[PDB]
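One chain is shown next in structure tokens, namely the form solved without its partner chain.
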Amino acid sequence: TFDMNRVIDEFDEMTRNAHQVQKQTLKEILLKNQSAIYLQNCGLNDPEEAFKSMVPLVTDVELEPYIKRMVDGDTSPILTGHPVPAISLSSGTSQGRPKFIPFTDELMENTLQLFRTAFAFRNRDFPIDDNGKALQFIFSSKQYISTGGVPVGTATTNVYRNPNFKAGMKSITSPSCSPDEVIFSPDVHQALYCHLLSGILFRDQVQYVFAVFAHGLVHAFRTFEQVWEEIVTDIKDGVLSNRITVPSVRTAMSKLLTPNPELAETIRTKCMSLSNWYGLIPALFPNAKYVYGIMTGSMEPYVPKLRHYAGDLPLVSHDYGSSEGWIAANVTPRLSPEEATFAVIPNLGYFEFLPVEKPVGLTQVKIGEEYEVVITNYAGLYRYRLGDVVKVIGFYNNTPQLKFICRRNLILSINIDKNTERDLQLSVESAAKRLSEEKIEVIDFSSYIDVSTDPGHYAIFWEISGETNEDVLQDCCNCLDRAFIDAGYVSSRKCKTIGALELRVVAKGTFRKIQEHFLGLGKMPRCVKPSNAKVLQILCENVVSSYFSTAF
């Protein structure tokens, strides 16, 4: 039974005792998983001491073969003491291959604990009506079964399809406007339309608006700009647009629709009153208290447009975690996304921090210093290098408050996509075999994030060893686009939040000219940063042709 003050007091005591809770949490993780051959092979059977001397830092790549066994249905103890109920398909890759992370019942408990904690602080500073609803733009369009018989989904999908999700969120959320059939629609574009319509149908009750990521909220209302008159028509007629073809979705939404020309008129008058859609969100939902979602890190570029739609509504930052697990909660919800920091929850894992040198404990980190995060938790992860670099902004009682700084080895990112030099090189090598058919080779390559388009897209620069046809180059272009298998990139391309990959072919001698540039001053950049004007200049002025992927 949820009690706001009780929840806050519990978080307070835990963070006052963060050092002790860290140690107790490690001991419990090690007890639960002691039969895991990964742990047995380290010499485990001074528990904290033994742990740090016997267990090596490890990377996703090192864990790949172990996790592969779990995805293939091995139920003996490998990374966990008990068989996992699901596997999470993560963003990013494992050396260019799909990256999987175990999803355990404990991770579900953690999710519920963190949501409850964050809600308590948020509802303290931004109290909502408990007879209202929320507009929640969430999606779980798919969860497949591995060949070994294990469910595989994204982390959010594993959360949304958990048997404890509805009951567990009941007390610490405002009820969604959307039918479950919308959330689980196999077609996310239809789901999004229906979320928008559902929100409008209950607009007076909507207490806040949520999506996991800021770019999702922005995409939602950009979409509204396109379909608003269609929604007004659906409401006026009490008939769902023929755009919606998923039968279970049509059925569910039809129960909510009856002819309402009055509401339709209100909405039409309201939309036409806006100036370039400024303040669209509070206009549609005049009782919403805030907009909620991840506003930080890779989402920072989306905040200006989100503010535009949000008008004067507070933007509240959603918490810090990934497919690997949760780390930190926003307990200062009134702070803008620029000032937002996240307090580590001391029982969600045994956290270590590599100085940006060997790792220090949670209560050992220093204000103003940057560290790479190291995770030991209930996801089968022991001293796992997350690759996230954080800065310690301060302490909330004895737990550090963190700001995300950067992700190591990342060169290509628009929103939720994460691609490295190796991923780019692999995509190039894939697409190059279409060229090899023509006895043509890739002389060199680079790339660039083009955010002049909406949405932004990847641009790849190629110089090739000979002239070829448009069809060949079109194929190479499509292949480059499909060769990026990172789940984040694929998810965005499908949801249209990342545009068609563009292949720009440059004139012969273009890359040598870049060499000449650097030689006349005295390692080819694989993604050209916006500030690298001299290099960008040489590439752009030598583009001779341009192609856009017809994939997705």
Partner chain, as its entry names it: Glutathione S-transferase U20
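Numbering follows the first chain given and starts at 1. Each form is matched to the other, and the largest set of C-alpha atoms that superpose within 1.5 Å is called the rigid core.
One more form of this protein exists, namely the form solved in complex with its partner chain; it is left out here, but the text below deals with it.
With respect to its partner chain in the deposited bound form, the three residues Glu438, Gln474 and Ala551 uniformly fall within 4.5 angstroms at the level of their nearest heavy atom. Comparing 479 to 487, 53 to 61, 523 to 531, 504 to 512 against its partner chain in the deposited bound form, the single stretch with non-hydrogen atoms within 4.5 angstroms of it is 479 to 487. Residue contact with its partner chain in the deposited bound form: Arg268 places no heavy atom within 4.5 Å of it. Among heavy atoms of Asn469, some come within 4.5 Å of its partner chain in the deposited bound form.
Heavy atoms of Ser146 never reach within 4.5 Å of its partner chain in the deposited bound form, leaving it off the interface. Its partner chain in the deposited bound form comes within 4.5 Å of no heavy atom belonging to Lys255. Shown without its partner, this chain lists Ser430, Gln95, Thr453, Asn409 as candidates; in the deposited bound form, only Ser430 has a non-hydrogen atom within 4.5 angstroms of its partner chain. Residue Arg434 is the only one of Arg434, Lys391, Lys236, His457 with a heavy atom lying within 4.5 Å of its partner chain in the deposited bound form.
With the core fitted between this form and the one not shown, just one of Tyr320, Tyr371, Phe285, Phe461 shows a Cα displacement of at least 2 Å, namely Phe461.
In this overlay on the rigid core, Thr341 has a C-alpha that sits less than 2 Å away from its partner position between this form and the one not shown. With a cut-off of 2 Å and the rigid core superposed, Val528 has a Cα displacement that reaches or exceeds the cut-off between this form and the one not shown.
Put the two forms on the same core and the Cα of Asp130 is off by less than 2 Å between this form and the one not shown. Relative to this form, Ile414 and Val291 separate from one another in the deposited bound form, with their C-alpha atoms ending up at least 3 Å farther apart. Cα of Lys418 to Cα of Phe115: at least 3 Å longer in the deposited bound form than in the shown structure.
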